[PDB]
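In what follows, one protein chain appears twice in different forms, each by itself as structure tokens: structure 1 and structure 2.
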Structure 1
């Protein structure tokens, strides 16, 4: 089978994968750690992306240009903007934009730079595979538009504005950058996000506990995708 990159937006999302895989090697490279394992006739390369657009762009580029990944699966968390969503809901991104990429001073729309487009799409075949896996695991999986930028946004008015401009369902700091790298390098990309916060709700749950539970589900989910690839 093809070589598969598994990127996690938090180190806690990688831990349960490594525990399941058990036998793996690693290298320290690009001020990060990359892990190597065999699973179901696929070679895997895994890493925590590190935080934000630059870090995640670099990690994805290393996985493909250095380690030869042919597919990339990216698990993480996101803040929900769409009122229909709830804490813990799993979303796959259909397309993503950078809300903080701004040369609007020159008459361009927000998120656009010449040489690129506002939105980057993820891979349809991988998304359909994820829907199959969700069905087989009895997990609810929804499609959404993700806005990415290098701020952790707490301003409710800003969340509403990003939603309005991009029709964004959720928001995080690494998705669009990784999707762009993968598209540029002709590597199918899948982006999975668990909703870790809702716009206009005070949390009322422990984040650490949420992360551990969501990471367990996401780890099993992406390994099941690997098994079918």
Structure 2
């Protein structure tokens, strides 16, 4: 009966969970709304953070430090880099980096600042739980590296560069920051993304067309994981 945080970046990523849960209580905090529900005897706290690294860092910190979350599941969409990924495919992050954290003028690798590492890992036990849920429900699930930064990527050259440097399978704007917070606060973290676009030419149009559906796929999956916790 651990307290579980479920976090997305946008309303579209969390609204499907709220509609499935049906009954919940709202609390205004940190210029946002935090939702509280009981799901199959688990206390849940849910929110969308708003877009980007700072917003998602704040929400993760609030869910743990203020509301006492003991596990955090992130659900949302992402831009696909690995050519085997199609729109709608699920990817969980084994590790994540910030591609736009840059003090390389002083000789450091891209994504590195003193005191930290380039990559942050997610929780092994949660990742193994996800694999058993995927097997149980006959859902295709890929493991990979996610590159996080505060830009919407819609450029083939930029995509290729980030993929080359970090061996990244997808990009988004919240994962590495959320995973960093959870690691710092000793909370098991799981980062799941469904592909909404391929992060190249006209990715903005694919995102618009597929965000609602891809968000539902990821949302469903994390709610099934809550059952096995």
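Here, rigid core means the biggest group of C-alpha atoms that superpose within 1.5 Å across both forms. Only residues modelled in both forms are compared. Residue numbers count along the first chain shown, from 1.
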Notebook entry, point to check: So with the core overlaid, does the Cα of residue 204 end up 2 Å or more away between the two structures?
Noted result: yes
Check: After superposition on the rigid core, what is the displacement of the C-alpha atom of residue 9 between the two structures, in Å?
Finding: 2.3
Next item on the list: Fit on the rigid core and then flag the segments of at least 3 consecutive residues whose Cα positions all differ by 2 Å or more between the two structures.
Entry: 199 to 220
